[PDB]
Amino acid sequence: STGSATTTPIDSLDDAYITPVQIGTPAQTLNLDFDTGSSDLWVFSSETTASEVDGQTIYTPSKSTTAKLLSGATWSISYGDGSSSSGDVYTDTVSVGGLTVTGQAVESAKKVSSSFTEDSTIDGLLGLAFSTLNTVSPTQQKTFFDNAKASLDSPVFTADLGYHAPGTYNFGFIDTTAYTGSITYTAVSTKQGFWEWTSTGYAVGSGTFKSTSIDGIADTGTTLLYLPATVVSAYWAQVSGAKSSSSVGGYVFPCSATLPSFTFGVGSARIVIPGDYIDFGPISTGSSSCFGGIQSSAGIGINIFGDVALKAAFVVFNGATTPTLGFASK
C-alpha cells in the first residue's frame, strides 16, 4: 500500500504545516501537524476542557463506530517550545492520503497548553519520530508510520515541504519526479528516538564550505533551523545590521537587508537554503526589525534541522531495519 497527502502552511510565514487526516467511522477529518520530532498522535476532542478549545475541529470518539477506549491508558507530553498536552487514549481507524491503519492509538486531549488553544489551524499532532518516544502509559503505543510499515510497498515516508506553498507527505514510495539529481542517504542514530544524523558542514552565501560535523535532528515540527552558535554567528555576520536581541529572543535583521543563502552538507552532497527562506518577517506588526530563520541551538541541547532546512529538500525518512535519511535538491 501507499498514501499521499498534501500538506499546507498554516500562515504566510510557514510557521507550521497541516495535513488532513481521517479518523473514525464515518470519517472525521482533522488537520494535523505531522511532526518527525515526536511520536504521539494526539487530537483536540470532545473531551478537551472547553475553555481550552478555540476554533479547532474536534474528534468525537462517541460518534465513531470503530472507536474503542484503550482502558487505563493515559498520555502526557511536553515539547521543546514549552507547550504541552495530556489525556486518555482510544484506538480507531486512521487514514492519511488513502493509506489506512486500523487500531491506531488516537490520544484524546483532556488538557492543552495555551499555545495550542491559540492556534486555531492545528487540530492535533501526528508524530513520526521513533515509537520509543511515545508517551502512552502503561503500554507505549506505535506511531502511524510504525503501524503502517509492514503494509507499505517500501518502509519509507517522504517530506516535500513547500516554501510559502503546499507540499506533500508520501508513505510507502519515493516519487522520482519530485526532486532533481540524486538522493544522498546518510546514517541515522535512533538512540534518542529522533531522526538524528550528522551534517558534514556548511557554507554562507558564496563562501567556502566549512567541513565540520554537525549532529542534529530532522524535525518537521520545528519551524526554524537551530545550529551551534559559532555557525549561526558566521551566518549573521554576513547580514548588514543583523544582531542577536535578548529582548526578542534571537537574531533579527533590518528588513532592508539581503539575506545570503545557507548551504548544509549531506555526505558529499549539498543542500542550499535560499536567503528568502530565512526571512520570518517583522518581529511585531509594522516593525522594521525582521526575525531570522537561522537561530542558535545553545541551550536547546540539540541541533534541529527544522522546516527552514527541510523545505529546501526532498527528504526520505527510511524506516528500514537500519534507518537512514535521504536528501535531494528539488
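Distance between the modelled labels on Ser1 and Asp54, one decimal in nanometres: 3.7 nm (7 Å Cα→Cβ projection).
Please give the FRET efficiency for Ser289 paired with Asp215, using the beta carbon to beta carbon distance and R0 = 45 Å, rounded to the nearest 0.05.
Numbers: r = 31 Å, r/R0 = 0.70.
FRET efficiency, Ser289 to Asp215: 0.90.
Here the stretch 294-330 is scanned for amide nitrogen atoms under 17 Å from the site 7 Å beyond the Cα of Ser154 along Cα-to-Cβ, giving 314-330. Counting only residues at least eight positions apart within a chain, or on another chain, the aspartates and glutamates with an alpha carbon under 20 Å from that of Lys191 are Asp35, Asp40, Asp146, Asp215, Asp219. With a Förster radius of 45 Å applied to the beta-carbon distance between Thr324 and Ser240, the computed FRET efficiency rounds to 0.70. Shape class of the stretch 172-330 from the alpha-carbon gyration tensor: prolate, with a/c at 1.5 or above and a/b greater than b/c. When the helices of the chain are scored as -39500 (n - 2.57) per DSSP H run of n ≥ 4 and the total is divided over every residue, the value at 222 nm lands at -1500 deg cm²/dmol.
Which percentage, to the nearest 5, of the DSSP beta bridges contained in the chain is antiparallel?
85 percent
Taking 0.36 nm per residue of separation and subtracting the Cα-Cα distance, full extension of the segment from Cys255 to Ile300 would add 13.5 nm.
For the stretch 1-136, just say rounded, prolate or oblate: build the C-alpha gyration tensor, square-root its eigenvalues into a ≥ b ≥ c, call rounded for a/c under 1.5, and beyond that prolate if a/b exceeds b/c, oblate if not. All intermediate terms of the calculation are to be shown ahead of the outcome.
Numbers: a/c = 1.30, a/b = 1.08, b/c = 1.20.
Here the stretch 1-136 falls in the rounded category.
Measuring between alpha carbons in the structure, the pairs from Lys63/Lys330; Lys68/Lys149; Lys68/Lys330; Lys110/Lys149; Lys110/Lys142; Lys149/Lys210 lying more than 31 angstrom apart are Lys63/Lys330; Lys68/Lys330; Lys149/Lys210.
In percent, what relative contact order does the chain have, based on Cα pairs under 8 Å that are 6 or more apart in sequence?
On the way: 874 pairs, mean separation 61.7, N = 330.
Once normalised by length, the contact order is 19 percent.
Tell me, what is the percent relative contact order of the stretch 133-206, built from C-alpha pairs under 8 Å that lie six or more residues apart?
Value for the stretch 133-206: 17 percent.
Return the equivalent ellipsoid semi-axes of the chain as a descending list in whole Å, where each equals the square root of 5 times an eigenvalue of the C-alpha gyration tensor.
Working: eigenvalues 223, 107, 57 Å².
Equivalent-ellipsoid dimensions as semi-axes: 33, 23, 17 Å.
Relative protection proxy for 188-198, 310-320, from highest mean packing down: 310-320, 188-198 (other beta-carbon atoms within 10 angstrom).
Backbone-built Cβ (ideal geometry, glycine too); neighbour counts: all protein chains shown. Any read-out appearing in this document is the output of simple, stated calculations on the displayed coordinates, not a laboratory observation.
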